[PDB]
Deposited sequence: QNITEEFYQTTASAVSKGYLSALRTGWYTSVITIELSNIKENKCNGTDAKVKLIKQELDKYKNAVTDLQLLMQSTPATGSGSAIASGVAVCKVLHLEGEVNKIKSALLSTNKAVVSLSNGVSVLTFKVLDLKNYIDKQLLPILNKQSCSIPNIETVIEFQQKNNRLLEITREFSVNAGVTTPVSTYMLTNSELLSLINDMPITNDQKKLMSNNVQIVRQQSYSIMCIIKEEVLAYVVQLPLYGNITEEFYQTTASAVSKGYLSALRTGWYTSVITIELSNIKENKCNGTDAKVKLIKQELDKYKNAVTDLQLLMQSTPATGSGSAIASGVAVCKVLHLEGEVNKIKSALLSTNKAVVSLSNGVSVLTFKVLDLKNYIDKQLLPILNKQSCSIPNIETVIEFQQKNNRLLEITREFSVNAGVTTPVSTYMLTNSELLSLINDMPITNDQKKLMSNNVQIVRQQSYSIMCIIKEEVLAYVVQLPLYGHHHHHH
């Protein structure tokens, strides 16, 4: 979860038999149990077709946006026939779509061949030839996977997670993992944590067309509801612009303050250097929403707009020149502390000796800045899970109670703060005009 960098999607197909109503005289129980099982198969196909007419829409911020994008490509002309041909003699193939993208495809259940080549010919040797009870067991167990897959998709609007063994067996999941574009150690990692892999993966019903039932399974690439979007907030630390004041520092109490002041200046310059070296992200990056907001903060006067709004409060709604309103926070005011509370005590010429409790207080205030700087530095400006240094428990609960969600979702997030932090990102944005700003990107499940 914390090291996932992308999504991997595969096409999972079930071969269907094109058989209409076969109403021949069925008297005994074995012929009826077969017919009642064929109705289950047919009702399962029509249930999924009916389910795919009410399919909810998905946005760019959805966790399954990539898997949904793959499903729509399967609706291009001849894609189903292309996959059908590639799986005629194999259970697994790589198919180059007309999108130009190569996708891994699976044939997990050949009900087309069982019904047409094995079940019906036995039944069609008489007036519904009385089959062996063993055959009734055999057809019943084969159809079970389709019925359970249909049941899962029906009670979950065609999107399920975790991915059950009916959607993808352990053998099929392992074969998929071994065919992923990851290193050998990553394939060992996922193969030893298939249960976690299932919990972090989605299975999306896609299409039924030309005797092919297909759903896409979406897996994580490493480097309880559906996340339907992202929520971005601006978190600000008020900075004090001060150049080094080398006065007469004799005792250790003055020296400690100057060491802490040097810690403060180093963190700002380290964060400045860090941002001048960040690589770029793609539209498919999980932090595209936050990165887009960061760049908006670089527009004219946006930092000043946020600074004025946070002058007399710790949290405000600011309407950006983007036209979007964003919630902004002020979590730490080092501008006010250093300039109005610390420097006046020390400075006036040569450094006045500070109180020992004063050295303590400055250390505690500056620590959160240093810890934030350290977390950003070792992760190239993007951290997850969002640490309590990035956003304290009090601040995070305050942010939740301002999100555009129903009251039930607010209590849902408030009781699962640890989970919320693990689905969220903190993205360093900018240092400009005595303001340190980073964007925290939280999940939306509605």
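- Stretches of the deposited sequence absent from the structure, as judged by C-alpha coordinates, are 1-20, 244-262, 486-491.
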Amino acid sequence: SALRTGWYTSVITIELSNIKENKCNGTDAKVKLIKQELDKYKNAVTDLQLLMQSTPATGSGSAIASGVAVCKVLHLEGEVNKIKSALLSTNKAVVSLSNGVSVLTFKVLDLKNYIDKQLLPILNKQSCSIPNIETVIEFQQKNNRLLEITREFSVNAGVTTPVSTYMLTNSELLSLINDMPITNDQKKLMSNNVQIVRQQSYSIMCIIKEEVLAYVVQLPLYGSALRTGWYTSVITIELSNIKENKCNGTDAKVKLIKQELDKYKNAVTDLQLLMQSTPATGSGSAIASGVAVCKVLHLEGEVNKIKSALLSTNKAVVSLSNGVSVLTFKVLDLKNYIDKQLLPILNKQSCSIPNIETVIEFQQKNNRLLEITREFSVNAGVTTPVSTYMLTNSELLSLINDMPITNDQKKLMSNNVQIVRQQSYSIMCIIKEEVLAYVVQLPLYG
From here on, numbers count along this sequence of modelled residues.
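- In this entry, 247-255 has the higher mean Cα B-factor, the comparison being between 90-98 and 247-255.
- On average the C-alpha atoms of 368-376 have higher B-factors than those of the other stretch, with 368-376 and 228-236 being the two compared.
- In this entry, the residue among 150, 341, 178, 161 with the greatest C-alpha B factor is 341.
- The PDB entry gives the largest Cα B-factor of the residues 265, 348, 188, 295 to 348.
- Residue 27: CA B factor lies in the highest third for its chain, per the PDB record.
- Looking at the C-alpha B-factors along this chain, the one for residue 436 belongs to the middle third.
- Per-chain ranking of the deposited C-alpha B factor places residue 145 in the lowest third.
- Among the modelled residues of its chain, residue 39 has a C-alpha B-factor that falls in the highest third according to the deposited record.
- Residue 56: CA B factor in the highest third of modelled residues in this chain (values from the PDB entry).
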